[PDB]
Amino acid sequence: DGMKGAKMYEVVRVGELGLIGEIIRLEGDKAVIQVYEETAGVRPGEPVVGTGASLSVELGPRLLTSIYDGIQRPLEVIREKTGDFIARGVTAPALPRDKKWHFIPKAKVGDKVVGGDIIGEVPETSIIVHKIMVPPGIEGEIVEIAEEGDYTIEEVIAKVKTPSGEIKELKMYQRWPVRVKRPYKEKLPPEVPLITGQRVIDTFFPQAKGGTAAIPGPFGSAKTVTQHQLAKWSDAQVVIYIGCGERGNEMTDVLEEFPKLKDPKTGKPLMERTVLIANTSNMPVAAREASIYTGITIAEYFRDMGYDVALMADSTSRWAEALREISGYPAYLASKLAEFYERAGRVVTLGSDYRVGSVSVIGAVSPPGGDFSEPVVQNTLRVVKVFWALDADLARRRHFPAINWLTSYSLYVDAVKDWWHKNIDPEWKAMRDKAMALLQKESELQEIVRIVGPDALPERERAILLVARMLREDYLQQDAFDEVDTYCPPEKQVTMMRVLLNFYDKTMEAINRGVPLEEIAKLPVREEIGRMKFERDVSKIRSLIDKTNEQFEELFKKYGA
């Protein structure tokens, strides 16, 4: 199958990324056909045909509840050689041309439109209403519009007369070149947080809507469930998961053991608002490289409707073969990785109406074995604004989420504070700061203690260690498997925070009035505080502030004045 061209320097089975020609001809080739670098004059080698289209994607109904390969193809049955169910990639369509979709019209004849305007709605799943949009670059008068009825994606549902008089035929689906970012009016600054409902993240290391985050690879895909928790609970309407299986028999679990997963907000399946894109070891290198662009483009298309969408990537060892070298070492790959993360953001979308959408990207990276800088995570940490550091030692101590509070960071704390301050609690940022200071003090203290023993420690230092422990056990720790604590609403987060910090205030007060710490560690309210996370009524939690005050006051009257 591989012919002339100095014996093709790369893979030739069903792969891509071909570079024949003269000047600076880049990539792109399906089997033998693809134009990405303006063909007309690049035929060297064996017969190269080329249709003038680029690496498109096709965007419309049935993008949801769909598993694709890295360039969008099928949900394939397949089999196994010796292991379990695997994926190769079948050249099929992308969206069923036969399925009848229900089109609700949103415009009458004579309406002036621009690229982005919503001309119709299609109930795609029980969750997501699909929004049919005028493709970017198209504007004018609606001369013809469909009627409340059932149609397939290939049917023309609208016609637009452009300023020059050109009549444009527009359908329910639309192609867009991956590698070119879907346009928008404006990229908004980070301001609204992506609410995970996980205390440690939402409080100490927030993710912004349109933000960029990463989670490391000391893997234990089974030692961490935070990835799932993020997918289920984050207040994005649509999820695009690049399920890079390649990890034992992951693809088997990632296959038809996902439709059992329940979207906890609706009760319906999680798939009815999710698009899967597989990256197995039985796929071409280039069909993996293109996957993130296929993913991000489907993400961008959804935010254009005015949806918040989360894009979760999966590295699990994906360093491209890229054996070919000709022009010094081309170690510029970090730039295209930036190009990718650069496409993330909350934007004012196209359209006549003011409409906002976002694409938040959770990276989730992994180096070869140990040493977190070889060099995938090294480059990524320089690009992302948030890192949640999954720690194996923390996982062994059954501290969950195993998010290390000392090595994690988010550069969105200032960006999201005002939202928290205006909508939830005026003291939000003051409280996480104070809580972080406590946790930093503990870290310093526990180093010293390790050396010089716990004995010499004064009461004040023990008091800080007591409350730090509470902070770690009562707040940082969260039960993903509990009916109540699987999700913690903003309003609950700040309340739980208030009780803990108020107990701290009252502790340092009591110590300052010569109350022994052994007495405060015995205080009844403490064990109620340790239970908060399982109480669903925020008013009941809030009442522990008074209950604390009372018991501390009752402790003052047992002593002097």
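Residue numbers here begin at 1 and follow the sequence given.
The gap between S327 and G328 holds 10 or more unmodelled residues of the deposited sequence. In this entry, the higher average B-factor at the C-alpha atoms falls on 19-27, of the pair 19-27 and 543-551. Remark: stretch with higher mean C-alpha B factor among 34-42 and 502-510 is 34-42. Reading the B-factor column for the CA atoms of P426, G248, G345, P490 in the entry, the top value corresponds to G248. Across the options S126, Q229, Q72, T203, the residue with the most elevated CA B-factor in the record is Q72.
In the PDB entry, a CA B factor belonging to the highest third of its chain's modelled residues is recorded for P284. Split the chain's modelled residues into thirds by C-alpha temperature factor. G530 is in the lowest one. Ranked by Cα temperature factor within the chain, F258 sits in the highest third according to the deposited record. In this PDB entry, the Cα temperature factor of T162 sits in the middle third of its chain's modelled residues. Ranked by Cα temperature factor within the chain, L517 sits in the middle third according to the deposited record.
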